[PDB]
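Each chain gets a letter, A, B and so on, in the order its sequence line appears, and its residues count up from 1. Atoms within each ligand, like the ligands themselves, are counted from 1 in listed order. Just the heavy atoms: all of them, side chains too, but no hydrogens, waters or symmetry mates, feed the values below.
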Amino acid sequence: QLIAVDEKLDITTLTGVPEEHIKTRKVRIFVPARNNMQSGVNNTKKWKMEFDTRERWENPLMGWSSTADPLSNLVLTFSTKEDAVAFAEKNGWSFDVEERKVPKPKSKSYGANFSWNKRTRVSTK
Amino acid sequence: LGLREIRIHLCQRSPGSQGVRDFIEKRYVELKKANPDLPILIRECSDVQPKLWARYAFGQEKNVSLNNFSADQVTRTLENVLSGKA
Amino acid sequence: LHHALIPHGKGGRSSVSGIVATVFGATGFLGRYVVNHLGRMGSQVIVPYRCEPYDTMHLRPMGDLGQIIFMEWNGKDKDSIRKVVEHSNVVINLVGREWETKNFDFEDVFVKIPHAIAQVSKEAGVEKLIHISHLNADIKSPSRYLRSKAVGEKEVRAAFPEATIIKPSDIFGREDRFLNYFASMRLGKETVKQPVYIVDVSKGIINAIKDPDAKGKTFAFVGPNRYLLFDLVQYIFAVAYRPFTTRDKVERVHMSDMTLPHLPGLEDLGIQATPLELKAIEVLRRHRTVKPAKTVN
Amino acid sequence: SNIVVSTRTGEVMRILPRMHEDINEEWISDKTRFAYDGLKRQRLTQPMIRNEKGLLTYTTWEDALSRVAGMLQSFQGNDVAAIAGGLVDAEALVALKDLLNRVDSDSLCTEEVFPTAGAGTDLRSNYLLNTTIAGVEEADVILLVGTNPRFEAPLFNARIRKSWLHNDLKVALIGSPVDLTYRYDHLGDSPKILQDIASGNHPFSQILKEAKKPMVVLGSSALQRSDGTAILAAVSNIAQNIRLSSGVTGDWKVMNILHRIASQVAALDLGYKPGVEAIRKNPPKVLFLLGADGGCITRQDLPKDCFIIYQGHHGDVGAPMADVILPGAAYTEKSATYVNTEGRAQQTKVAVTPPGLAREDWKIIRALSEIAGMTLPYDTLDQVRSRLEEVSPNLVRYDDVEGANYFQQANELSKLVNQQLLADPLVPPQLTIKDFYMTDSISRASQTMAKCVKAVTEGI
Amino acid sequence: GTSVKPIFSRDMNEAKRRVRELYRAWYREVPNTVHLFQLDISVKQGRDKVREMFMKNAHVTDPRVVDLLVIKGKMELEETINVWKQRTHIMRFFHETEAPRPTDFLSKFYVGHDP
Amino acid sequence: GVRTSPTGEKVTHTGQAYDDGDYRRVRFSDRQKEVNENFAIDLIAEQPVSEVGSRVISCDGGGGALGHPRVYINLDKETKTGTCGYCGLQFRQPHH
Amino acid sequence: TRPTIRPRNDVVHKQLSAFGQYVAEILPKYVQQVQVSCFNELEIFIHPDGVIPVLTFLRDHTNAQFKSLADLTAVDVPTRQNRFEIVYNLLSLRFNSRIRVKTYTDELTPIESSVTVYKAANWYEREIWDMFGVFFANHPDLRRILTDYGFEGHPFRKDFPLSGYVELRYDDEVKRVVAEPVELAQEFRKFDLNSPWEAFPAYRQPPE
Ligand SMILES: NC(=O)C1=CN([C@@H]2O[C@H](COP(=O)(O)OP(=O)(O)OC[C@H]3O[C@@H](n4cnc5c(N)ncnc54)[C@H](OP(=O)(O)O)[C@@H]3O)[C@@H](O)[C@H]2O)C=CC1
Ligand SMILES: [Zn+2]
């Protein structure tokens, strides 16, 4: 009732993806960086998978942005790094993993602004 | 036949590179005085066996493993490479 | 290379190939295939037509939006030819007619119009010109058709020294006159034919456009196999399951195809000519309601 | 510094900083932020050759590659040379090195000068910021020699200012009294002050002696002058005296060098010869200009009818004197490896594709190698990076900064030659803000940088 | 461990048995498909296409993937036999209108940035 | 303020016109090129500057709810005039 | 609350909680979790092996008799080891109540067909197979129902591109409609709309 087969998962032959969109692609597994224009951090909570950028050219009519790859807008969301790595592996995609960047904790002291002898004393407020 | 450069790749903390570390620290300076014009590139590996590369004329390259070699062993390897004898 | 003419994309419908081609005689048999091949790779095609637009309607889906432009013209006015070939870097001459009319005989169609087109293209700065003549064209031919073809070839070479001359031999295809003319009869043993496939000729024209060193060369587009006319007609009738054009066309079909060993052919353009046996059923299935003919080589 | 490139419909829109605590925290320099305007002007989009009139004309990739390959096959050995610019990635560098090695040419040079005496580039710590950018926050005394950190490395100077403000860091400088946005001690200007400190007469030697985490920084601008070997030897003597007197605090790595261009460290790791002295000593008949726009070598320094190939992305001082122009890709148009002044390897990503017929640099070199019959083993980017790992394995560790310290060996090897110091004041190339905006081909083609230069030159 | 629920095949032998049955059925069907759809290809080239489509998946070592592929191929055969497809669906296996993409490095370098 | 390119084509208010060597001009052969004859920049340049004796005033484009969002413009600077960021109307204090 | 806020119904909430406890007690072999949402919707999470027993019990039991299968579909969550969750929506006319049953599966594990319990499931399972690639065992005739003949891939998977891989046009040379790789004249514009400054504190996750 159970096969108990030892082999890594591979579903490339079942997904219907063309041959040249499997071996030549390079997905990036990363936590997106915070938009430095804003202080919110709610967009740096999950892991993202994105594909490598391909050619975009100008349409001779309308000058619009034309593309020839179907994976230019495909972005996946994952809870953990391991989930993204497993999904990339079982789909036969070569991947690059970037470790999550966390802002290190810092020491803040409002009283350090009005310092008696240190350089941290502010000239205005 | 003319040797062009030598590259030594040793890992910083692995025990397989202990002999190469000792060789460098003790006598790389003397080897460099002996060959002031020969570039000996020392680089660091990671979770890889120590290796030595020799580049010859017209881009010919050969590599030898220095794993678990003592300082004397990698030394003798370098005189073998420099003199051209096998 | 005029950045707007720098190729982009992956050679598809919405790509850019850097080719701006003016195809004279694009409303005919070879013209539809030429325009289809030009438009499937994303090139700008100017289609000049003297005929009613309804008869050019079938060329519209052969290219992406804005890539096929239609303009009226006539062969007796140089201004129309000029305004059609101003912005093109490739000019293709496919104008021809197998019979004479009260307004155009063989001379205007095969000498005057090609010469005017070549002169106007030279004056307009067109980079490449491809002119189509016949394989059996020569000055001393009994038929005025081939004499006019030879004179027009000479005048095109004189006006446009870097023109590419292509000389096919009895093109066969779905809308091709040659397969159809023989099967619509519902002589021989002394005349020899070497027909060529339509797709082969269209791809040869496209590759000559692509080829950089095929500027002032002359090509002869012929098929793989060479047939006696009696056996060829017998094979045609066998494929069609059937029991076995005033004066010029009968003379042309009664004379044997020439051999031009020194003239480069389709093999030099990286094309393997397709045998008639593979496409004969495709062409002649509609004439209905296996023993290929013997060849001489 | 880590950045974010904003693109829309295949066009670069703006540059945003990307947070990295160890390198740039949250900030980028003004040049980094606003020089992307130069990526849309003076661009090389098609291959070019010389016609019968001696002018540059457009040609196909095949013709230009064949013309270069014929000259490459005609000459071999010392007659073939290459110069690498300030914006070249490790992939193109290793590709060019392999291609010229197949020709038996070792004259692979960079425009930036580093003293080759003693260890040279053999020991990696001899030309690195061994303390790292984050390590500045732990130092108590820092000495800057012959450099202007404010303009040469704005984020390094920002880190120094932060340490000065928060850790009460003591700063001293030898050179021109430039404004660094913090107070420092101007020990003087003459290079003999280095010898005085190393001997022990200067009080700053004792100040360094009392320091628990001393740090000495020498800029490559000070190495660009003819006294580079002597200046490096003096700074190494100071560091060795510090180590001998204060003892071994641990893995502190007092010795440091601050680099100014993004391609120098990777080229030195790959075995490129720093400086252009080899070209002057042995003029070539075929010269490769891989993005070299420094003007170090002109046609006056080359023999008659020398063949010059320029590969790059901008039309600048290096382009008009070339015989064949190969349009390359900028840093925003390729996935390329760069190694910073710390020795940390980082990779860019493709934001937009190169314009026109421009191609990836290593792809151009590999295609040229195939045309000449000297086909290179690699075919994809992964194989190029495998070759990089074969040559220098640290080039594939994409966030590692740790490395072995070989200060003793380099210091001992630096005592062989005894070149004398000249009596010329240390003057950094960037003296005021006006010299900071225009440094490279991308910056020189930027209208925003021109506006900044105009504003600082005359103000309203 | 790595115990999984079977679909049809417990091991590889019976999975290959189903593969061979599907191949037999397709091989038998090729001439009827060629005649009934009035295709311009020959029976030999249709069987060559069937063989090529079967060989594209020769690397699979998972019996579950193998029997899912067999299920998909049997659906394909059911579509072909019942004439639910038209001639375009059958001819889509041959890519006659697609210009060939060269494989060598130089051609890809010349055409564009696509590796 | 429609200008004419040296080729002969009208230059639109965005300033674009096909170059002499541009093949894309062929689309206008036997046809015409749509150019809007009313240039907004000139039309707003013809509007006289309003004189108001107030330090801060508001502009909503006229028509009340049929205009643009109401914004307040400071008129302390005498070197230049205050301009609405939505409508382009200019305002100025009565100097002297 | 105020007239802009949807009112709550505690009686229906209690009734649904009691019936969820009842069903969970009767079938402890398959039921893994029972939930009642704030808008009074009851969900029962079961093991995949219990699809037929649980559905048969819910259809045939005197106190349940959910005689109507409202909808059957799948949801794709790539981050889970079991990629797909199967959702059954049932309606009871006798007690005027609705219930939801969820299970899970991956690309290679078949799910037992429920056509013997509900005849309506025949086309729903075909649609699930067509759009997600989930195989249903012992189905009367499982085949594509929505996509074109010969279509490769399962479009409703998250990693399937929006515009697909191939596009159709008429070719005059071959006198038929052909398929070619997709090439957009204008690429679809991807919009980054998700804002920082998290909106709903009640759903905040532990920072792990
Ligand atoms: N067996 C063959 O078909 C081979 C053809 N030849 C040559 O190859 C070329 C293409 O042949 P093919 O396509 O089969 O011939 P078609 O009759 O099918 O097409 C002839 C084209 O030329 C145009 N044309 C003809 N006469 C005039 C005219 N007086 N003014 C303007 N346009 C005109 C037609 O337009 P419209 O529809 O308005 O009449 C039409 O577009 C021709 O030059 C032909 O002579 C080469 C060897 C044999
Ligand atoms: Zn207003």
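By the 3.5 Å distance cut-off applied to N or O atoms, C:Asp170 is not counted among the residues near ligand 1. For ligand 1, none of its N or O atoms has an N or O atom of C:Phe104 under 3.5 Å away. Not one N or O of C:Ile113 is nearer than 3.5 Å to an N or O of ligand 1, by distance alone. Among the atoms of C:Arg50, some N or O lies under 3.5 angstrom from an N or O of ligand 1. Checked by distance only, ligand 1 and C:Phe29 come closer than 3.5 Å through their nitrogen or oxygen atoms. In terms of polar-atom proximity, C:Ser169 is not counted as a contact of ligand 1, lacking any N or O under 3.5 Å from an N or O of the ligand. At least one N or O atom of C:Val95 sits closer than 3.5 Å to an N or O atom of ligand 1.
A salt bridge between G:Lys175 and C:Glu175 is present, with a side-chain N of the basic residue lying under 4.0 Å from a carboxylate O of the acidic one. Residues C:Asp211 and C:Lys217 are not paired through a salt bridge, judged by the lack of any N-O separation under 4.0 Å between the basic side chain and the carboxylate. A salt bridge is defined here as a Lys NZ or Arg NE, NH1 or NH2 lying under 4.0 Å from an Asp or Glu carboxylate O, and C:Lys83 with F:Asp30 meets this definition.
Of all atoms in ligand 1, numbered sequentially from 1 with element shown, those under 4.0 Å from a heavy atom of C:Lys149 are 7 (C), 43 (O), 44 (C), 45 (O). Against a heavy-atom cut-off of under 4.0 Å, C:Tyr145 is close to the following atoms of ligand 1: 45 (O). Listed by number with element, the atoms of ligand 1 under 4.0 angstrom from any heavy atom of C:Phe110 are 45 (O). In summary, the atoms of ligand 1 found under 4.0 Å from a heavy atom of C:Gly25, numbered by their order in the structure, are 21 (C), 22 (O), 23 (C), 41 (O). Applying the 4.0 Å criterion to heavy atoms of C:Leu30 picks out, from ligand 1, the atoms 13 (O). When each atom of ligand 1 is checked for a heavy atom of C:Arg177 under 4.0 Å away, the hits are 16 (P), 17 (O), 18 (O). Less than 4.0 angstrom separates some heavy atom of C:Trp73 from each of these atoms of ligand 1: 31 (C), 32 (N). For ligand 1, the atoms closer than 4.0 angstrom to any heavy atom of C:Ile132 are 8 (O).
Using a 4.5 Å heavy-atom cutoff, the side chains of C:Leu276 and C:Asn225 are not in contact.
Heavy-atom distances between C:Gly75 and ligand 1 stay at or above 4.0 Å for every pair.
No option in C:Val20, C:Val23, C:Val85 other than C:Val20 meets the side chain to side chain contact (heavy atoms under 4.5 Å, CB included) test with C:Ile46. A side chain to side chain contact (heavy atoms under 4.5 Å, CB included) with C:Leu229 holds for exactly one of C:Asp257, C:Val192, C:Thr191; it is C:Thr191.
Between F:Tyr86 and F:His68, the distance from one ring center to the other falls under 6.0 angstrom. For an aromatic pair to be called close, the ring centres must be under 6.0 Å apart, and C:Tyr145 with C:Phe106 satisfies this.
For atom 11 (O) of ligand 1, the nearest protein heavy atom is 4.0 Å or more away.
Rounding to the nearest 0.5 Å gives a distance of 8.0 Å between CD of C:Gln67 and CG of A:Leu61.
Note on F:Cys87: not counted as a metal contact of the Zn ion (ligand 2), no N/O/S atom lying under 2.8 Å.
One side chain, C:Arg157 or C:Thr218, offers a donor N or O that lies under 3.5 Å from an acceptor on the other.
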